[PDB]
Amino acid sequence: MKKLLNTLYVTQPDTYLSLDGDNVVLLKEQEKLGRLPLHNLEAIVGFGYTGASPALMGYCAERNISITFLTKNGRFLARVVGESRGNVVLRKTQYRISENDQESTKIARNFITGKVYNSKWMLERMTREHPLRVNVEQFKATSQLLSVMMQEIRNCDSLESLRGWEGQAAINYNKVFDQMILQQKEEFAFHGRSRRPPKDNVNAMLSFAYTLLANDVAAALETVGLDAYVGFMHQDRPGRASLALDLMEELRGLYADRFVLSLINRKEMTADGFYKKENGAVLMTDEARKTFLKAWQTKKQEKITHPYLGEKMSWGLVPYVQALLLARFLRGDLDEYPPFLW
Amino acid sequence: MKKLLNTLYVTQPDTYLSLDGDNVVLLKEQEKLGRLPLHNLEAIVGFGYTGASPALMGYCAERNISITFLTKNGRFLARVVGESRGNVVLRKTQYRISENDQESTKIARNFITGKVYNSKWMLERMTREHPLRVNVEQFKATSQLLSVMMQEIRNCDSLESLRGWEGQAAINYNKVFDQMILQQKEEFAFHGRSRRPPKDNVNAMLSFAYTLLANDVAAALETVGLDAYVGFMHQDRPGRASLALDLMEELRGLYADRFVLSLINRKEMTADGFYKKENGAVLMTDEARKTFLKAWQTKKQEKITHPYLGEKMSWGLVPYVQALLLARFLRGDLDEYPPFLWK
Amino acid sequence: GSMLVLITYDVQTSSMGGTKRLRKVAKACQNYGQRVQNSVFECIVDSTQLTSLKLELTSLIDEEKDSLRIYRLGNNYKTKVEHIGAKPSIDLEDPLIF
Amino acid sequence: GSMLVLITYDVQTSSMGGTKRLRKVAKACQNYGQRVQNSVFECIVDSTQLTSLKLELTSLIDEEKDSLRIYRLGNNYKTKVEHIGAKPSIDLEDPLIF
Amino acid sequence: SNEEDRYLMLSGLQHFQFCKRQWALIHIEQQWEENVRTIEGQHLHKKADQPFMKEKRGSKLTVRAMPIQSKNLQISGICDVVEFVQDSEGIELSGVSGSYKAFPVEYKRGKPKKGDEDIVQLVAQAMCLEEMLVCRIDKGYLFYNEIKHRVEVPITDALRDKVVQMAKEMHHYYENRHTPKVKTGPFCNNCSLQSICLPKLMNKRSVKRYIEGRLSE
DNA sequence: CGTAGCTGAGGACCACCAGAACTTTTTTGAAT
DNA sequence: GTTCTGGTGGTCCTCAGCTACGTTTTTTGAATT
Ligand SMILES: [Mn+2]
C-alpha cells in the first residue's frame with residue numbers, strides 16, 4: 001500500500017550534492033542550481049564525476065534513499081550501502097534457508113516458473129495481436145515446448161539441474177527475439193539478443209535497462225531488511241550480481257525487454273542517437289539518453305493491477321511488493337513464494 | 001595514521017582526501033599536509049566533518065576498496081563500495097560460528113580471560129599505587145582467587161560453565177570496587193549494585209559510561225563489516241547487540257571503570273549536579289552531562305601504546321583496531337584473538 | 001494520498017522576537033516544501049506529513065500576533081493551478097533530468 | 001457557480017514603473033475579493049467574473065518581470081480552508097449582519 | 001545475574017489486546033510506521049513528559065515519568081503519572097515518614113472503548129506499584145484528551161489473574177519468536193501497519209490454487 | 001561540511017497626505 | 001464625495017556575511033467510532 005516516489009537524475013559533470021535541513025541542493029562552483037525536498041524522493045542517480053557530502057550520504061542511508069554513481073553510459077560504480085537496523089530473526093532465517101538444497105530448489109522452482117510463464121505469455125500475446133507481420137506457427141511450437149518445461153520445472157529437487165534447464169530456457173527464446181522487431185530493421189542493426197560487453201549497437205538500451213533494474217531491485221530489497229544479490233538462489237561465484245537479477249527474472253524478460261522493444265517499434269528512437277567509438281564500442285548521445293530516461297519514467301508512471309486481489313498499483317511498486325512477499329514467506333505465512341504471473 | 005594493519009585511520013577533522021596518480025594526498029585547507037601510496041591499502045576509514053574527491057572514490061571503488069565515513073565523535077555515517085568484497089564471507093562465517101557452540105565457547109572464554117586479566121592487573125596497580133589506607137591482604141587473596149579463575153576459564157568447555165564461573169568474579173570485583181574509591185568516599189557510596197531503575201549515585205555514572213562504550217563498540221563492529229547483533233556469548237535477542245556486548249564485557253575494565261574513578265577523584269565532579277527522584281535514580285543535570293561528555297572526549301584524546309602491535313595510538317582507536325583483529329581471525333589469517341594477554 | 005497543499009504565513013517582525021520567529025518559520029516550512037513566492041510556499045504531502053508540519057509549525061508562531069493559512073487542492077491539482085508571470089517552479093512529476 | 005478563487009501577485013518595484021504596476025494590480029484585485037494577507041486575495045466568484053479578472057490582470061501586468069498565480073478551490077471551499085493565526089476573514093455566505 | 005534481559009515493556013500489554021499480531025510486529029520484528037492518528041498521540045506524550053522537574057502542588061504529589069519494574073510478572077517500563085495523597089492508613093514511602101496513597105494515572109488520546117485495551121496497562125502498573133510493597137490498592141484513574149475527561153476504575157482479582165496469565169502467555173510467545181495470525185475485521189483499516197501487517201493474507205486460495213490455475217491456463 | 005547565533009543591505013507591500021479633475025454618438029459580441 | 005497621480009514613512013522578507021561549535025542512556029505511540 002506504499003506509494004511510489006520520484007527519482008533524481010544528475011547528468012551534468014563536476015556537480016556537488018549538499019544537505020540543507022531536509023533538502024538536497026546541487027552546486028557547481030558555488031552557484032545554486034536547484035534544491036529538492038527529500039521527503040518525496042526515492043533515489044539519487046549520478047553520471048560522471050559527482051561528489052556528495054558525507055552528511056547527505058548518512059541521511060539518505062538512514063532514511064532509505066539509494067545513492068548511485070554511474071559513468072557515461074550507466075556503468076555501475078560505488079553504491080552507497082547503509083547499516084543494520086535489527087530484525088535479527090528475519091536475517092537469520094534468510095541466511096539459514098541458504099546452504100540447504102530443499103528450500104533452495106523450491107524457491108528456484110518458483111522463480112524459473114515465473115520467468116518462463118512471463119516469457120511464454122509475452123510471446124503468445126505478441127503473436128496474438130498481430131498475426132500478419134510475424135510467422136505464427138513457429139511461435140506456437142516454441143510456446144508449446146516451453147509449456148512442457150513448465151511441468152518439468154515443478155518436478156525437480158536439485159539446484160544443479162535447473163541451471164541447465166535455464167540454458168535451454170535461454171536457447172529456445174533467442175531465435176524468437178531476433179524476429180521480434182518490426183520497424184527500423186535496417187537502421188538499427190538488430191542481431192537479436194547477442195550481447196558483448198564491448199557493445200555492438202542496439203544493445204546500449206538493453207544494458208542501461210538492466211543496470212537500472214538491478215539498482216532498483218537492490219534498493220527495494222535493502223528497504224525490507226534482507227539482501228538478495230548473492231544468497232540462497234543464485235551461484236556462489238563472486239562477481240555475479242545476478243540474484244538481484246534473479247528475483248527479477250520474472251521481470252527482466254518482460255519489464256525491460258518489452259520497454260526496449262516498444263521504444264524501437266513506436267518510432268520513439270532514431271538511429272542518429274547512437275554513434276561508434278574508434279575502438280568499435282557504441283555510445284549514446286546525451287539527448288538520446290535523456291529521451292530514454294523520460295520514456296522509462298513515463299512507463300513507470302502508469303498504473304496496472306496485481307493479479308492477487310486486484311488492487312491498483314504502479315510498475316515501480318512491482319519489485320518492492322515482490323520483495324515484501326518474499327519477507328512474509330520467510331515468516332511462515334505462505335506455503336511458498338508466489339511469483340509474478342501474467 | 002597508516003596502521004600496520006592495511007587500513008587508513010585519518011582522524012584529523014577539516015581535511016580533504018584527493019587522488020594524485022596512484023596515491024592519496026591529505027590536504028589541510030589547500031596546503032598538502034601529507035601523501036601516501038595506495039598500493040598496499042585494503043580499506044580507508046575517515047573520521048570528522050570532511051570529504052573525499054570524486055576521483056578518489058571512483059579509483060578506490062573499482063579496485064575492491066571500500067571507503068567508510070564517520071563523524072568526529074564516532075558515529076557511523078556511510079560506506080561507499082561497488083560490488084561488496086570481503087563482507088559476505090565474513091558474515092557467513094559469523095553466523096555459522098554463532099550457530100555452533102564450541103567455537104563460541106572458545107571465543108567467549110578468550111573474552112573472559114581478557115576481562116579477568118584486566119581486573120586482576122587493575123587491582124595490583126591500585127594496591128601498588130597507594131598502599132596507605134586500604135585492605136592489602138584482602139587484595140592479595142582476591143588476586144590469587146582471580147588467578148585460579150584465570151586457570152579455570154582457560155580450561156573451560158561449555159557456555160553454562162563459562163557463565164557460571166564468569167559470574168563468580170563479578171561479585172568479588174564489585175566488593176573491591178566499592179573499597180576502591182579514595183576521595184569523596186564519605187559522600188559517594190557503592191554498597192549495592194542495581195540496574196534498570198538505577199538506584200544510587202554511582203550506578204548512574206557506570207550506566208552512562210556503559211551506554212557510551214556500547215555505542216562506540218557497535219560503531220566499531222559496523223565499520224569493519226561484521227554483524228553487531230549476532231553474538232557469540234550473549235544469545236540472540238531482537239534489538240540487542242550481542243557481539244557489541246561481548247566486546248563491552250571484555251573492555252569494561254580500564255576503559256569504563258577507571259573513567260568513573262577518575263571523575264570521583266581529583267575533584268572533577270560533585271553532587272550539586274546530581275538529583276534524587278523518589279526511587280534512587282540519578283537524573284543527571286545538563287551541566288553534569290556536559291562535563292561528563294567533555295571528560296569522555298578528553299580521555300579519548302589520550303595517547304597510549306598497544307601491547308600487541310606496539311604502534312603508538314590514541315584511546316579512541318583502541319576499539320576499532322581490536323575489531324579488525326577479530327575479522328582477521330574470522331578470515332583465517334590468525335589463530336587467536338588476544339585483547340590484552342601474553343599468549 | 002500525495003496531494004498538493006499551499007501555505008501562507010504573515011509574521012509580525014515589529015514585536016520583541018519577530019525576526020527570529022520569521023527565520024525559524026521560514027526554515028521549518030522550507031524543509032517540507034518548495035518556495036513559489038515571497039511568504040507563499042507549495043508542496044505535495046500526505047495526511048501524515050501535513051499533520052506533522054502543522055503540529056511543528058503551530059508551536060513556532062505566536063497567536064494574537066501572526067497569521068497562517070493552509071489550503072489543499074486535491075489529487076487533481078494539475079487543473080486548478082495557473083501561472084502567468086516569470087517565476088517558474090519545478091514540477092515534482094517531471095522525471096527530473098538535471 | 002460561486003467557487004472560491006485565490007490570487008497571489010508578486011510585482012517588481014525596482015523596475016521603472018514598479019509602483020504604478022503595484023497600485024493598479026492592488027486596485028484591480030481589491031474590486032472582486034477580500035485581503036487575508038499582504039499580496040494575496042481570496043474571492044467567491046463565478047466563472048465569468050473569473051475570466052474577466054484574469055483577462056484584466058493579464059492585460060495590466062507586464063511579462064518577464066512580474067508573477068501571478070491563480071488557484072481555485074471549487075465549491076467545497078468550506079472544508080479546505082484552515083486558519084490558525086489572528087487575522088480573521090469575513091465570510092460571504094453567512095447571514096452577514098453588520 | 002542478568003535479570004534485566006528477560007524484562008519486557010508495559011507498552012506491549014496494550015498492543016496485545018488489539019490486533020494481537022500488531023504486538024509481534026512491533027516488538028519481535030522491530031517494525032514501526034506512523035499515521036495521522038499516531039503523530040497526535042506522540043506529540044501529546046512529548047508535551048506531557050516533563051522529567052527532571054518535580055511539579056509539586058501542595059501536600060499531594062503528581063510525580064511524572066516514574067520508572068517501573070516487576071519480578072512476579074517479569075515486566076518493566078515507565079508509568080506516566082503517580083498521584084501521592086496523604087492518608088493515615090497508607091504505607092510509608094522511602095525517605096519520608098508517614099503514609100501516602102499512590103494512585104496511578106495514565107494519559108491517553110481517544111474515547112472509552114469496549115475491548116478494555118487501555119485498562120490492562122493501568123492494572124499492570126497498579127500491580128507493579130503494589131508488588132514494590134506487596135500491598136493492596138483499589139483505585140485507579142484514567143484520562144481521555146479529546147473528551148477531556150477523567151474516569152475512575154477499580155481493580156480486582158478478575159483483572160489480576162487476567163494480567164498474570166497475559167504476561168505468562170506473552171512470554172511464551174516471545175520465547176518462540178512466533179508471530180500469530182488473527183482475524184482481520186473492520187478495525188485493521190486503522191492499524192498503523194497495514195503496509196506491513198498485510199491483513200488480506202488470511203483469506204486466500206493459497207499457492208496451490210494458483211498452480212492449478214496456471215495448469216488450467 | 002552542517003547548524004545555530006548575530007548583524008547589514010536593499011527590494012516588496014501597504015497606509016496616509018496633497019493636488020487637480022469629474023459629459024462622447026452608434027455599433028459588435030459565444031454556440032463541443 | 002469618487003478617481004488618479006505623486007510623495008513618504010513604516011513595516012514584512014530574503015540573502016550575503018561573520019563567529020562558534022558538532023556526542024545524549026530507554027520506554028511510549030491510534031485502532032470497531
Ligand atoms: Mn500516555
# chains A, B, ... in the order shown; residues from 1 in each chain; ligands from 1

$ residues_near_ligand --ligand "ligand 1" --cutoff "10 Å" --atoms "only C-alpha atoms (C1' of nucleotides) and all ligand atoms" --output "list in words"
residues 11, 41, 42, 44, 45, 46, 48, 49, 65, 79, 80, 81, 105, 106, 107, 108, 109, 142, 143 and 144 of chain E; 28 and 29 of chain G

$ closest_atom_pairs --of "chain G" --to "chain D" --cutoff "12 Å" --atoms "only C-alpha atoms (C1' of nucleotides)" --output "Markdown table"
| residue | atom | partner | partner_atom | distance |
| --- | --- | --- | --- | --- |
| G:3 | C1' | D:27 | CA | 11.6 |
| G:4 | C1' | D:24 | CA | 10.8 |
| G:5 | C1' | D:20 | CA | 9.3 |
| G:6 | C1' | D:20 | CA | 10.4 |
| G:7 | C1' | D:19 | CA | 11.6 |
| G:11 | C1' | D:38 | CA | 11.3 |
| G:12 | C1' | D:38 | CA | 8.7 |
| G:13 | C1' | D:38 | CA | 11.6 |

$ interface_residues --of "chain E" --to "chain C" --cutoff "8 Å" --atoms "only C-alpha atoms" --output "MDAnalysis selection string"
chainID E and resid 34:36 39 43

$ interface_residues --of "chain D" --to "chain C" --cutoff "7 Å" --atoms "only C-alpha atoms" --output "MDAnalysis selection string"
chainID D and resid 37 63:73 80:87

$ write_last_selection --atoms "N, CA, C and O atoms" --output "compact mmCIF listing (two decimals), in the first residue's frame"
# COMPACT_ATOMS: atom_id res chain seq x y z
N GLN D 37 -3.87 38.21 3.57
CA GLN D 37 -2.50 38.58 3.88
C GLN D 37 -1.96 39.45 2.75
O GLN D 37 -2.50 39.47 1.64
N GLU D 63 5.04 41.25 -18.67
CA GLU D 63 5.68 39.94 -18.60
C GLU D 63 7.18 40.09 -18.32
O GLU D 63 7.72 41.19 -18.18
N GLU D 64 7.84 38.94 -18.17
CA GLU D 64 9.27 38.77 -17.93
C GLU D 64 9.76 39.53 -16.70
O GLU D 64 10.96 39.53 -16.41
N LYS D 65 8.85 40.17 -15.96
CA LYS D 65 9.23 40.86 -14.73
C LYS D 65 8.31 40.59 -13.55
O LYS D 65 8.77 40.69 -12.41
N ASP D 66 7.04 40.25 -13.76
CA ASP D 66 6.07 40.09 -12.68
C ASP D 66 5.70 38.62 -12.53
O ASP D 66 6.06 37.77 -13.35
N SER D 67 4.97 38.32 -11.46
CA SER D 67 4.49 36.97 -11.19
C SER D 67 3.03 37.02 -10.74
O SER D 67 2.64 37.90 -9.97
N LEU D 68 2.24 36.07 -11.22
CA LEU D 68 0.83 36.00 -10.87
C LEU D 68 0.39 34.54 -10.87
O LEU D 68 0.62 33.83 -11.85
N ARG D 69 -0.24 34.11 -9.78
CA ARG D 69 -0.74 32.75 -9.65
C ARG D 69 -2.21 32.79 -9.23
O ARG D 69 -2.60 33.59 -8.37
N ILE D 70 -3.01 31.93 -9.85
CA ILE D 70 -4.44 31.85 -9.60
C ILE D 70 -4.79 30.39 -9.30
O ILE D 70 -4.47 29.50 -10.09
N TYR D 71 -5.44 30.16 -8.16
CA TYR D 71 -5.90 28.84 -7.78
C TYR D 71 -7.41 28.89 -7.54
O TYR D 71 -7.96 29.94 -7.20
N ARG D 72 -8.07 27.75 -7.72
CA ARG D 72 -9.50 27.64 -7.46
C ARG D 72 -9.76 26.41 -6.61
O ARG D 72 -9.31 25.31 -6.94
N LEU D 73 -10.47 26.61 -5.50
CA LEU D 73 -10.72 25.54 -4.54
C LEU D 73 -12.03 24.81 -4.78
O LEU D 73 -12.36 23.89 -4.03
N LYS D 80 -11.82 23.03 3.18
CA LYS D 80 -10.44 23.02 2.71
C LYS D 80 -9.60 24.17 3.26
O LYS D 80 -8.37 24.10 3.19
N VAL D 81 -10.23 25.20 3.80
CA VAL D 81 -9.51 26.37 4.31
C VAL D 81 -9.27 26.19 5.81
O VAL D 81 -10.19 25.88 6.57
N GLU D 82 -8.02 26.39 6.22
CA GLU D 82 -7.63 26.28 7.62
C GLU D 82 -6.94 27.56 8.05
O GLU D 82 -6.03 28.04 7.36
N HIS D 83 -7.37 28.12 9.18
CA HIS D 83 -6.80 29.34 9.72
C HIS D 83 -6.38 29.11 11.16
O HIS D 83 -7.16 28.59 11.96
N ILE D 84 -5.14 29.49 11.49
CA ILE D 84 -4.58 29.31 12.82
C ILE D 84 -4.25 30.64 13.48
O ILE D 84 -4.43 30.80 14.69
N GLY D 85 -3.78 31.62 12.70
CA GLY D 85 -3.35 32.89 13.25
C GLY D 85 -4.47 33.78 13.75
O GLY D 85 -5.54 33.29 14.13
N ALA D 86 -4.25 35.09 13.73
CA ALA D 86 -5.18 36.04 14.33
C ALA D 86 -5.48 37.18 13.36
O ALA D 86 -5.44 38.36 13.71
N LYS D 87 -5.79 36.82 12.11
CA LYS D 87 -6.23 37.78 11.10
C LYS D 87 -7.51 37.22 10.47
O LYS D 87 -7.48 36.66 9.37

$ interface_residues --of "chain F" --to "chain D" --cutoff "12 Å" --atoms "only C-alpha atoms (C1' of nucleotides)" --output "PyMOL selection string"
chain F and resi 10-14
